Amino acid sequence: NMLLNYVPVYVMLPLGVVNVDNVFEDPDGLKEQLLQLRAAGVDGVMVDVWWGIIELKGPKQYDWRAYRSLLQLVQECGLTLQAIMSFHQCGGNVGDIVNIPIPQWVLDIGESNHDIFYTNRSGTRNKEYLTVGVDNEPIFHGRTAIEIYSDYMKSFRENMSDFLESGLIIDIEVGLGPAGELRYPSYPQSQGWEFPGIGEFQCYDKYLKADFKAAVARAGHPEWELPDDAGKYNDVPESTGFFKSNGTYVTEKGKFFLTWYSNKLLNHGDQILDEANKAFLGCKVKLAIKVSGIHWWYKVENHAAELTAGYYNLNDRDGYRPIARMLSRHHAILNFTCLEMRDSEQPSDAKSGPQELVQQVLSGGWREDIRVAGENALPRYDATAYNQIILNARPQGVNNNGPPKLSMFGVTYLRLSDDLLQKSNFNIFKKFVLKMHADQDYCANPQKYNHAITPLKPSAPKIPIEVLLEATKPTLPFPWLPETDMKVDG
């Protein structure tokens, strides 16, 4: 049956649907929009559950009222929900039309200890997320950053138990960094970064610096220092000593640093996911993390932008599969956030390979046998974008004799806006949804298309870093069709 080729479609809700004062502003307005989505066949929606709004008053001072009202409305409208545990700030990244800081009480601590923030070589502190450096530092009124994230998720589970039991929530996206993605904030618009700048390493806070220094001493090179020749945000790789041909990134020192730098993220995600699994143990939901799509400089040997973001990916070292393997012990979904771009849409001097990057990441996931999902990075309403998303959702097309050998677990569209509901735009969107569903009508019961959700099981045993890094071995991607067999047209 064709229904087995069905890929669910989700739509992100507007940023700030519940304001910074913890008020669900316009229920009636959202309702009309939600009803529009329901009639269009959309399976569900995605929303940020902002840590800065909910635990604003103080440690463990949670107020879930506004969000309960939102979830209630989503349920009445017949849609499922992907809830994001948003432990980051809204405001400094692309598309952020509203400012939502992390808890003020945490910010207060940052006033006396600026090292709780990601810091660049020049000393600028980025306040959008707590540095992985303090994950296990008990400096937040007795709690460590990970304990804060853990308590938050447990309180969410307990206070939203009725919604979880009714099966409203499809998956829990655990924010792991800027924009909720597992990465370092290497390309901060707030600091003047501009596409396609290579970005900057963000390992200069006192905690990471101390860890690095101890690490190199144990490796037998206590004299090694953090990179000092990687240039600045808007540089080009060839103009730096670190990323140029035969540069520092290829030396024993550079390789050690890069491994250390990227390993911190793997451990960051792995440990917080352990907490997320405990908090939702037994609940009928799945866990997911977000991986940023850094396609610029992907076509040159140095992969500069990826390296500064924490993805140690080169042509002879897969920096993404290790993440997928890490996710398998948690039975988690890898949500890749850049799925709609084509190489020809990027200026040529940016050396962008979004299409090749996608193929590498998705293949890695299916290779490791984990579920892969995705989102479009930028607002798009044209058929070319939709056709590209549909192509990546089912790389080898539909199978009339059963399930496709390869398919994504789901796609979340960014974002719900009045522009989307405009007659013509919404018309095309409806076709996109239809094709994602493989020409089948909306299907209410996920079990029909082999997406039944069972109670979350405890994570499998910890996988040692060495076994994880074995996944760096380059593999050939699965074959992609040149264009989808389920085009939207027009």
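Throughout, we count residues from 1 along the sequence that is shown.
When 320-328 is weighed against 413-421, 413-421 comes out higher, by mean CA B-factor as recorded in the entry. Between the stretches 40-48 and 461-469, it is 461-469 that shows the larger average CA temperature factor.
Taking the PDB entry at face value, the top CA B factor among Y149, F117, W224, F256 belongs to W224. For the set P354, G374, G397, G177, the PDB entry puts the maximum C-alpha B factor at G397. Split the chain's modelled residues into thirds by C-alpha temperature factor. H451 is in the highest one. In the deposited entry, the Cα temperature factor of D274 places it in the middle third of its chain's modelled residues. Ranked against the other modelled residues of its chain, the C-alpha B-factor of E252 as given in the entry falls in the highest third. Annotation for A383: CA B-factor lies in the highest third of the chain's modelled residues.
Among the modelled residues of its chain, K264 has a C-alpha B-factor that falls in the middle third, as given in the PDB entry.
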